[PDB]
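Participant: Have a look at this one.
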Amino acid sequence: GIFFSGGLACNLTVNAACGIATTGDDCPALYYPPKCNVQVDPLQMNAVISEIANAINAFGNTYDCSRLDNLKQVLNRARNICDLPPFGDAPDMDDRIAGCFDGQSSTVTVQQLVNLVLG
Amino acid sequence: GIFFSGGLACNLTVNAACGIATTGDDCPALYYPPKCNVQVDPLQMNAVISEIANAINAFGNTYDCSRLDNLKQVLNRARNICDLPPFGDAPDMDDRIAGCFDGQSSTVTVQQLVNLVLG
Amino acid sequence: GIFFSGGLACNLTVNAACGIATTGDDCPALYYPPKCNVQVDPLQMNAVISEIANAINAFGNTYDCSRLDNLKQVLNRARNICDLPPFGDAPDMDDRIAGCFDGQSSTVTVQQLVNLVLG
Amino acid sequence: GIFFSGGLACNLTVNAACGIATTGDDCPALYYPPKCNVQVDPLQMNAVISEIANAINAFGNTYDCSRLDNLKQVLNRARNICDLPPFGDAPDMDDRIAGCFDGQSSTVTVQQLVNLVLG
Amino acid sequence: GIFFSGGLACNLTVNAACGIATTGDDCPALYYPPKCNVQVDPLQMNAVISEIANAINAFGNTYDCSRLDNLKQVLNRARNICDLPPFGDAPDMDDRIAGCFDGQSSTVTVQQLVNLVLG
Amino acid sequence: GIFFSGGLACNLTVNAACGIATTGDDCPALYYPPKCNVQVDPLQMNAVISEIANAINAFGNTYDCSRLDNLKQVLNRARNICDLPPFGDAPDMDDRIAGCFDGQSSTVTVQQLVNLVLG
Amino acid sequence: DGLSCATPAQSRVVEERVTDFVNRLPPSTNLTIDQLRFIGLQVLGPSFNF
């Protein structure tokens, strides 16, 4: 993947953060050694570029290199609620509604809210 | 941008994801070729560095080089509802509320909310 | 960090974001100069790989090297609300409810909604 | 002396300790970089030997080459209040007595305990 | 920890105090072997100097790089019960007072003191 | 011991503390020289490890490898009274009690305090 | 890594030589990266990525 297959572990180099949960040993977390002669692999830069690009094209947005801050816009559209499309239908039985309940962000049902507002 | 200037298409190389949406026939989707004497372009790497840096500075946060998870904290603050600051005033009849609706995550206006609860 | 150590300022190269907010002179924003006798520093690349790895690992997701849209799915799960876990405890009076307010992505306490719905 | 002259900062190394309160700015909490072929400076070891020797020499004790628990003995002498010298003459009313009052180790005036016992 | 990773057992070397109590076999106590081709691990020296730094900041005192007696000063402050903070409120029966009883440093409550003196 | 076997006098090098009390000249205090290169002796580092580890295990505590503040905890255990265990029997007239007297960390026996109470 | 850029003869002889070197390494001696890298350099040339 984005990891150099002929690489090392975290404690065997620098600027490498281990503890990377992976879907098995076949895609191990390996990094470049701290030598002055090794060269960055192009067929890894491809994977990093693919990651960033697939991130940018999320939500239907389109990439554009005239703006070096595309991922910033994607993050903003990911957090800002307003960006969400208005619910084009009348509300109903238990359409869950989100919020920082008791400290943890989670969702509650409609009936759970009417239970407290009826009281 | 972040793509290689004289690269190839998606299917002529490896670790190259296509379906990338770009604006116009310029700024195309070109990745590194699988050849022996191709090295990663510094100017092209500057684009990736700038994209990551601008992704870090979302939400006004500042980037520190000592830690290797700034993007993780930014992406956490994205989903952490509790992050959202309190609203400076009282709501009204037209404001929208976040929430899911039959697998159609959206917003609901206080109008239909009060209409359903008043019944 | 992810910036090139021996690099130049943003305005002295190409594809270099300007105005990146660091956390002090300690971590300066420097990019690869437009010269020829310069190669991508493997350690600087380790930094970027680690950043993307942490971003993928966020939200309890695991990395897969067979897919090139991991960060994209992480962003989608960040935006989607039904991905948020359901809540079991009864919402006390002082919870938070999120939604649009005067064109702003914020939240209000349950007090505001109940006092409005009284009317 | 300690805090190796050409060292890095808190997170840039391994096993570093953070938060180090230092008089002035020219005495930075530095740590050996974790790279290839770095050797610890003799002078630093000289400073650490000086610190440990002064700590052992404290309380008027002397150092022994045949014993490897001198600092432990000095720490024991710091505790075990029975090593403190007796008071030569009769005490006065404004003296202070040590005790752990309401879960915090403090001192109280003799007048207070006399008023308490007379009650 | 501050021990050497690939060191030897307690009695297989010199200048080793063994019987060291550690939490868990996972991190044993291993000392540098007596081989002429071994170099001290700079990470281990980082751990040692980090321990000394954490110790030197105790009691609120800050570290000074110029002067070299600091651990002696902290130890003196430890055996300086005169430097203890005076109590603001009045002690009660449930409070504790320390002294040398039957030769051992221990504590007793003020209630025992008044019971003894009233007899 | 923790000194350098083939070192020089304190005044001849830097970062060296002079006046260190030792049991005779057979255990001299010597330091690494600033002149022609010398590598730190691994056995001397073993001695320092031994000293620190013995200091940690005092007061019945055990060494931890996950964190790096152990000596700070030990120094907190010193100078903190009530940690001192309570006395099983009743305070006899002969025993001594602690307390700062005339600005001196001295002790006084129960006879004098009982006489002050009765007087 | 990087051995697929060379002709099959060079790849085969480099693998044979590195196997031979590691198998004949005396006890109590470090297996450094520089030695394997020299074995590869002496066959592939000095401007080869390996």
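Every residue, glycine as well, gets a Cβ built from its backbone with ideal geometry; the counts of neighbours run over all protein chains shown. Quick note: the coordinates plus some simple rules give every number you see, no bench work behind them.
Participant: Counting just the residues of segment E:19-39 that are hydrophobic (A, V, I, L, M, F, W, C) and more than 7 Å from every other protein chain (Cβ to nearest Cβ), which one comes out farthest from F:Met45 (Cα to Cα)?
Facilitator: Only one residue fits best here, namely E:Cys36.
Participant: Counting just the residues of segment D:1-50 that are in a helix (DSSP H, G or I) and touching a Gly at 6+ places or on another chain (Cβ under 8 Å), which one comes out surrounded by the fewest Cβ atoms within 10 Å (Cβ to Cβ)?
Facilitator: Top of the filtered list is D:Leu43.
Participant: For the structure I just gave you, tell me whether C:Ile52 is over 17 Å from A:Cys10 (Cβ atoms) and of a type in the set (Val, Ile, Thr).
Facilitator: No, not satisfied.
Participant: What number of residues within segment B:100-115 are among the hydroxyl-bearing types (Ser, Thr, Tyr) and facing chain C (nearest Cβ under 7 Å)?
Facilitator: Residues that pass the stated criteria total 2.
Participant: I'd like the full set of residues that are in contact with a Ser or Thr (Cβ under 8 Å, 6 or more places away or on another chain) and either of a type in the set (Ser, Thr, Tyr) or in contact (Cβ under 8 Å) with a residue 40 or more places away in the chain (or both), limited to segment B:43-63.
Facilitator: Selection gives B:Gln44, B:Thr62, B:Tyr63.
The rows are residues; the columns are (1) surrounded by 15 or more Cβ atoms within 10 Å (Cβ to Cβ); (2) closer than 30 Å to E:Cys36 by Cβ; (3) touching a residue at least 12 places away in the same chain (Cβ under 8 Å).
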residue	(1), (2), (3)
G:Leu3	yes, no, yes
G:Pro8	no, no, no
G:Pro27	no, yes, no
G:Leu31	no, yes, no
G:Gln42	no, no, no
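Participant: Still on this structure, I have one more. Could you please find all residues in segment D:56-72 being aromatic (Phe, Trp, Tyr) and over 17 Å from E:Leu68 (Cα atoms)?
Facilitator: If the condition is that a residue be aromatic (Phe, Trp, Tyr) and over 17 Å from E:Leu68 (Cα atoms), then D:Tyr63 is the only one that fits.
Participant: Right, another one. How many residues does segment B:78-95 hold that are closer than 28 Å to B:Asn57 by Cβ and either aromatic (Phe, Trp, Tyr) or crowded, with 20+ Cβ neighbours inside 10 Å (or both)?
Facilitator: Looking only at that region, the number is 5.
Participant: Right, another one. For the list (1) at the interface with chain D (Cβ under 9 Å from one of its Cβ atoms); (2) at positive phi; (3) not hydrophobic (A, V, I, L, M, F, W, C), I need the number of the one condition that F:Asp69 fails.
Facilitator: F:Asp69 satisfies all of (1) at the interface with chain D (Cβ under 9 Å from one of its Cβ atoms); (2) at positive phi; (3) not hydrophobic (A, V, I, L, M, F, W, C) except (2).
Participant: Which of the residues belonging to segment E:97-119 are part of a strand (DSSP E or B), in contact with a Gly (Cβ under 9 Å, 6 or more places away or on another chain) and either of a type in the set (S, T, N, Q) or within 17 Å of D:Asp102 (Cα to Cα) (or both)?
Facilitator: The answer is E:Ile97, E:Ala98, E:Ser105, E:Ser106, E:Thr107, E:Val108.
Participant: Something else now. Do you know which residues across segment F:40-63 are more than 7 Å from chain E (Cβ to nearest Cβ) and over 20 Å from the mean Cα position of the chain (by Cα)?
Facilitator: Within segment F:40-63, just F:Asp41 meets the criteria.
Here's the yes/no breakdown for (1) more than 7 Å from chain D (Cβ to nearest Cβ); (2) surrounded by fewer than 21 Cβ atoms within 10 Å (Cβ to Cβ); (3) in contact (Cβ under 8 Å) with a residue 12 or more places away in the chain; (4) more than 16 Å from the chain's Cα centre (by Cα):
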{"residue": "E:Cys65", "(1), (2), (3), (4)": "no, yes, no, yes"}
{"residue": "E:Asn76", "(1), (2), (3), (4)": "no, yes, no, no"}
{"residue": "E:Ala98", "(1), (2), (3), (4)": "no, no, no, yes"}
{"residue": "E:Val117", "(1), (2), (3), (4)": "no, yes, no, yes"}
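Participant: Any idea which residue in segment E:78-88 is farthest from F:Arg79 (Cα to Cα), counting only those that are assigned to a helix (DSSP H, G or I) and within 7 Å of chain F (Cβ to nearest Cβ)?
Facilitator: Ranking the qualifying residues of segment E:78-88, first place goes to E:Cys82.
Participant: Follow-up question, since we're still on this one. Counting only residues that are out of contact with any strand residue (DSSP E or B) (no Cβ under 7 Å at 6 or more places or on another chain) and closer than 18 Å to C:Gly7 by Cβ, which one in segment B:51-63 is surrounded by the fewest Cβ atoms within 10 Å (Cβ to Cβ)?
Facilitator: B:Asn54
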